[PDB]
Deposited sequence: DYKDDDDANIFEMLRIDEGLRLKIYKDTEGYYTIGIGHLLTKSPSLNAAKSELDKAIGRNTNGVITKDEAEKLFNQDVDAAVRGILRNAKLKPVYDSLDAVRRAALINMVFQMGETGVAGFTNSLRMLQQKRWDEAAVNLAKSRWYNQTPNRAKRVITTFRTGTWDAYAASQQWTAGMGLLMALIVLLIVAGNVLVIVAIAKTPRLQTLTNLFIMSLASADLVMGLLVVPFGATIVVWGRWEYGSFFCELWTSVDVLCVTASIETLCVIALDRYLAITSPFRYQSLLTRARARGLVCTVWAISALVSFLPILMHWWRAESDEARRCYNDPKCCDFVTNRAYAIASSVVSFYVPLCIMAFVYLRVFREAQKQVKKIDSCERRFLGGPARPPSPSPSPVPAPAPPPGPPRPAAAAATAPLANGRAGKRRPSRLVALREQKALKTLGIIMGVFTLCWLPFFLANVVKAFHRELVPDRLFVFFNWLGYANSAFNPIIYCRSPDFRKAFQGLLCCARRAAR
C-alpha cells in the first residue's frame, strides 16, 4: 500500500543483503517464502502458500508477484519489527534516538538475528544511544556477529558509523563492474569456441583427426561459456545462488563435466601429436576414424562418471556444520566436498592429464635435439604447458590443501583460482587453432 522514501531505502538495503525473489521458493527449513524473506506458511502445500499470498497481495498471483508487491510484504515485516522494538525495554531507548538511516541498520540486525538476539548487544546499544559512533563500530567489529557474517556486518556497521548508505552504494558499484567484466569473459569463451566449431564443420580440409579432437575441446569449452561461467558469475555479483537446490546440483555437475572433458582432451591432443610426429607412418596405420572418435566418447564417458554419477548420488557430501548448513540453504551452492571425492576427482580431472602432458611434450623435444647437432617449437611447448599450468594448477593445489586443512584456503582465493581455470576455455582456441588453414578459415568466416 503506502510507500515512503525511507521505506524504499530499507527495501533496497536488504535486497542487497538478502536478495529478492518474485516467485515462491523454499527457505533453509523448507517453508514457502516470497519477496525478501517473507514467510507465507509453514504448510507443505504450494496451493496453501498461494492462497496466503493472494490474500496478502490482493490479486491472483499464482506464485508470481511484482517488485511493488514485494515491497508491500516487506514494509509489513518492517512495521512488525519496529512494533516489537518499541515493546522491548532494551531496544526502545536506542531506536527512539537514532536517525532514519541508523534505524535501518538496527532493523537490519533484527532481520538477521531476531529481536531478542539484537537486544543482547547492551554495550553497543548504549554507545549508539549516546551517539558514540566510532566506539560502537569498534565494539561491534569484535562481535560474534561480525566473525560469522563479515561482509554483511561490515556494511551494517559502516551504516551505523557514518549514518550514510555508502556501504550499500559501494556494493552496487562493485557488482556492476564485475558484471561487465565477467560478461566480457563469457563472450570471449563463446565466440572463440563457436568460431572454431563451425570452421571445422564447413571447411572440408579441416576434418583431420587431430582437429577431430580439437572440436571436442572447443565444444567442452563452449558449454562452459554458455552454462557454467554465466551461472558461476551470478554467485560473485550477488553473493548467493538464486536458482534453487536442484539447478545448483545440476550446474555443479555440468561444471565438473566440461572441465574434465576439456582437460582430458588436452591430454589426448598431447599424445596424438607425439604419436604423429615421432612415428608418423605407424600413426595413420594405428588411428582410424573409429578409434579417434572412440577416444573422445571415452573422455566424455569418464567425464560423466566423474561429474553426474557421484554428484547426483551425493557421494561427494561432507558431514560437518558448514557442509550441512549449505546443503539445507538453497541460496548456498558451495561445493563442500569430502576428502576422497576432492582427491579422486582432482586426480582424474587434472593430475593424471598434467603429468601425461608433461611427459609427452617433454619426450617430444629431447628427441628434437637428438638430431639438430628449434626454439620456435620450444616456446610453443613453453606456453602449451605454461598456460595450462598457470590456469589450473593454482586451483587444484588449493583444492587438495583445503581437503586436509579447511582454514588455509579462504573462499575468495579459492573462487579466484577457479576463475583462472575458467579462463583457459577462452585461451585454448587461441592456442590450439593457429594452423594456416585455421587462420585462413577464420578470415573467411567473418568476411
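The deposited chain is incompletely modelled, with C-alpha atoms absent over 374 to 435, 510 to 516.
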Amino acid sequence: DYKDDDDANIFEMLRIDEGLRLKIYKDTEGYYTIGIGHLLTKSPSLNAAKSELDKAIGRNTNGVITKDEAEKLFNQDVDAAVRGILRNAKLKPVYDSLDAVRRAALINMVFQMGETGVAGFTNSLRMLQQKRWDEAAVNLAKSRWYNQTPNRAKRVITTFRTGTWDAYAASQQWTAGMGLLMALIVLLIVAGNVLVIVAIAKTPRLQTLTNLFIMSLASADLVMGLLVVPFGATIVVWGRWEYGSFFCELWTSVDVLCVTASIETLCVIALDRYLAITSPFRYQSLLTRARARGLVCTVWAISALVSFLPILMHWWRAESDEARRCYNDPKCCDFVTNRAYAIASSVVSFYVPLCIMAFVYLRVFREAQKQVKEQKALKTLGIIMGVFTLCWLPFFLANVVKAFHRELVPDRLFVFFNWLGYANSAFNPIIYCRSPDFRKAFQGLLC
From here on, numbers count along this sequence of modelled residues.
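Two stretches are in play, 382 to 390 and 34 to 42, and the higher mean C-alpha B-factor belongs to 382 to 390. Averaged over CA atoms, B-factors in the entry run higher in 270 to 278 than in the other of 241 to 249 and 270 to 278.
Highest CA B-factor among the listed residues (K142, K90, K376, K131): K376. When the C-alpha B-factors of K370, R325, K154, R103 are ranked from the entry, the top spot goes to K370. When the modelled residues of the chain are ordered by their C-alpha B factor, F359 lands in the highest third. In the PDB entry, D99 places in the lowest third of its chain by CA B-factor. Per the deposited record, the Cα B-factor of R317 falls in the middle third when ranked against the other modelled residues of its chain. Sorting the modelled residues of the chain by their CA temperature factor places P310 in the highest third. Sort the modelled residues of the chain by CA B factor and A426 lands in the middle third.
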